[PDB]
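A.B. asks: Take a look at this one; I'll ask things after.
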Amino acid sequence: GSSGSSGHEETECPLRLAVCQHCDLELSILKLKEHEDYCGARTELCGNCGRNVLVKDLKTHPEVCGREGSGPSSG
Ligand SMILES: [Zn+2]
Ligand SMILES: [Zn+2]
């Protein structure tokens, strides 16, 4: 596998990163604010109906989930 040699010394620098509240992913605090703008716009697959719904909408999606929608779009 790998010989037990001295080994390389891995070091880390002090970098303050910000985490999202919707996706909860690691991103640059600088590109965080913006990242959110799109983050929400993104649509995920629901389990009840099975349609693409906005991340931020998923909050109150359950309400319209089941009643709203053309019908059986996909399996
Ligand atoms: Zn995010
Ligand atoms: Zn749904």
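Numbering starts fresh at 1 for the residues of each chain in the structure tokens, the chains themselves are lettered A, B, ... in the order given, and ligands are numbered from 1 as they appear.
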Run DSSP on the backbone and give me the residues of chain A it puts in strand (DSSP E or B), as a PyMOL selection string.
C.D. replies: chain A and resi 18-19+26-27+43-45+52-54+65+68
A.B. asks: Once DSSP has gone over the backbone, tell me which residues of chain A are in alpha helix (DSSP H), as a ChimeraX atom specification.
C.D. replies: /A:29-41,61-64
A.B. asks: Need to verify the contact set: residue 22 in chain A, 9 Å, only C-alpha atoms, exclusion of same-chain residues closer than 2 positions in sequence. Can you return it as a list in words?
C.D. replies: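 Non-adjacent residues within range: residues 20, 24, 25, 36, 39, 40, 55 and 56 of chain A.
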A.B. asks: Which residue out of A:26, A:37, A:8, A:66 has the minimum interatomic distance to residue 54 in chain A when only C-alpha atoms are used?
C.D. replies: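 Of the candidates, the smallest distance to residue 54 in chain A is held by A:37.
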A.B. asks: Contacts between ligand 2 and chain A, please, where a residue of chain A counts if it comes within 10 Å (with only C-alpha atoms and all ligand atoms); show its shortest atom pair and distance in Å to one decimal, rows by chain and ascending number, as JSON lines.
C.D. replies:
{"residue": "A:44", "atom": "CA", "partner": "ligand 2", "partner_atom_place_in_ligand_line": "1 (Zn)", "distance": 9.5}
{"residue": "A:45", "atom": "CA", "partner": "ligand 2", "partner_atom_place_in_ligand_line": "1 (Zn)", "distance": 7.8}
{"residue": "A:46", "atom": "CA", "partner": "ligand 2", "partner_atom_place_in_ligand_line": "1 (Zn)", "distance": 4.6}
{"residue": "A:47", "atom": "CA", "partner": "ligand 2", "partner_atom_place_in_ligand_line": "1 (Zn)", "distance": 6.2}
{"residue": "A:48", "atom": "CA", "partner": "ligand 2", "partner_atom_place_in_ligand_line": "1 (Zn)", "distance": 4.9}
{"residue": "A:49", "atom": "CA", "partner": "ligand 2", "partner_atom_place_in_ligand_line": "1 (Zn)", "distance": 4.3}
{"residue": "A:50", "atom": "CA", "partner": "ligand 2", "partner_atom_place_in_ligand_line": "1 (Zn)", "distance": 5.9}
{"residue": "A:51", "atom": "CA", "partner": "ligand 2", "partner_atom_place_in_ligand_line": "1 (Zn)", "distance": 6.1}
{"residue": "A:52", "atom": "CA", "partner": "ligand 2", "partner_atom_place_in_ligand_line": "1 (Zn)", "distance": 8.0}
{"residue": "A:53", "atom": "CA", "partner": "ligand 2", "partner_atom_place_in_ligand_line": "1 (Zn)", "distance": 7.2}
{"residue": "A:58", "atom": "CA", "partner": "ligand 2", "partner_atom_place_in_ligand_line": "1 (Zn)", "distance": 7.9}
{"residue": "A:60", "atom": "CA", "partner": "ligand 2", "partner_atom_place_in_ligand_line": "1 (Zn)", "distance": 9.7}
{"residue": "A:61", "atom": "CA", "partner": "ligand 2", "partner_atom_place_in_ligand_line": "1 (Zn)", "distance": 6.2}
{"residue": "A:62", "atom": "CA", "partner": "ligand 2", "partner_atom_place_in_ligand_line": "1 (Zn)", "distance": 5.7}
{"residue": "A:63", "atom": "CA", "partner": "ligand 2", "partner_atom_place_in_ligand_line": "1 (Zn)", "distance": 8.5}
{"residue": "A:64", "atom": "CA", "partner": "ligand 2", "partner_atom_place_in_ligand_line": "1 (Zn)", "distance": 7.5}
{"residue": "A:65", "atom": "CA", "partner": "ligand 2", "partner_atom_place_in_ligand_line": "1 (Zn)", "distance": 4.1}
{"residue": "A:66", "atom": "CA", "partner": "ligand 2", "partner_atom_place_in_ligand_line": "1 (Zn)", "distance": 6.5}
{"residue": "A:67", "atom": "CA", "partner": "ligand 2", "partner_atom_place_in_ligand_line": "1 (Zn)", "distance": 9.4}
{"residue": "A:68", "atom": "CA", "partner": "ligand 2", "partner_atom_place_in_ligand_line": "1 (Zn)", "distance": 9.1}
{"residue": "A:69", "atom": "CA", "partner": "ligand 2", "partner_atom_place_in_ligand_line": "1 (Zn)", "distance": 9.4}
A.B. asks: Measure the distance from CA of residue 31 in chain A to CA of residue 43 in chain A in Å and round it to one decimal.
C.D. replies: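 Result for CA of residue 31 in chain A versus CA of residue 43 in chain A: 20.1 Å, one decimal.
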A.B. asks: Could you check how far CA of residue 19 in chain A sits from CA of residue 57 in chain A, in Å to one decimal?
C.D. replies: 19.7 Å
A.B. asks: Just how far from CA of residue 34 in chain A is CA of residue 16 in chain A, in Å to one decimal?
C.D. replies: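 Rounded to one decimal, the two atoms are 16.7 Å apart.
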A.B. asks: Between A:29, A:3, A:12, A:71, which has the minimum distance to ligand 1 (counting only C-alpha atoms and all ligand atoms)?
C.D. replies: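 Closest residue, counting only C-alpha atoms and all ligand atoms: A:29.
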A.B. asks: For each of A:2, A:21, A:11, A:70, take the minimum atom-to-atom distance to ligand 1, counting only C-alpha atoms and all ligand atoms, then give the residue where this is smallest.
C.D. replies: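 Smallest distance to ligand 1 is found for A:21.
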